[PDB]
């Protein structure tokens, strides 16, 4: 019972290419509470609405989260015309999704910052990430890029963005609706 969002509140969130995926079945959730624990800067959805995704019953709910600087919002909007959707993280198009950009407030003291934001700028002929999967280069690219420009090959090149005062993160949600299995519901 009650969906277990606790693991997000403790630790250093991974970089975008190492996104952490939490799967929820048979549990009631409260997303509005989770988001109230943050300063929410952006909240867009595909094939569902912010209101609907906090108030619907699903067969499973998937929450991805990672460190992501709010200044790279453009790099998400560009979609497959840029490295993030090409090489790091790209949400399903067969299921409704949302992507949320958030700053962790000073008062929520138990989310730990990494040395910087990092992402894969190239990973190869090119090896693009398929919707909902990890980059083939997840093995060789380090948890954090050391210096903007590193070239790992066993060909994966990393980039960096300086750390902000307060950690900025991204949350990706994918819901799946079933038949006779929609038992991830909002609590009332």
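Numbering follows the first chain given and starts at 1.
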item: Chain break class at residue 124/residue 125 - deposited residues not modelled; value: 4 to 9
item: Continuity check for residue 154 and residue 155, given as deposited residues lacking coordinates between them; value: 10 or more
item: Selected stretch [higher average CA B-factor]: 145-153 or 158-166; value: 145-153
item: Greater mean Cα temperature factor according to the PDB record, 31-39 or 136-144; value: 136-144
item: Peak C-alpha temperature factor (PDB record), options 109, 77, 88, 92; value: 109
item: Chain thirds of CA B-factor: placement of residue 15; value: middle
item: Residue 174, C-alpha B-factor rank within chain (lowest, middle or highest third); value: lowest
item: Residue 84 by Cα B-factor - lowest, middle or highest third of the modelled chain; value: lowest
item: Relative C-alpha B-factor of residue 115, binned into the chain's lowest, middle or highest third; value: highest
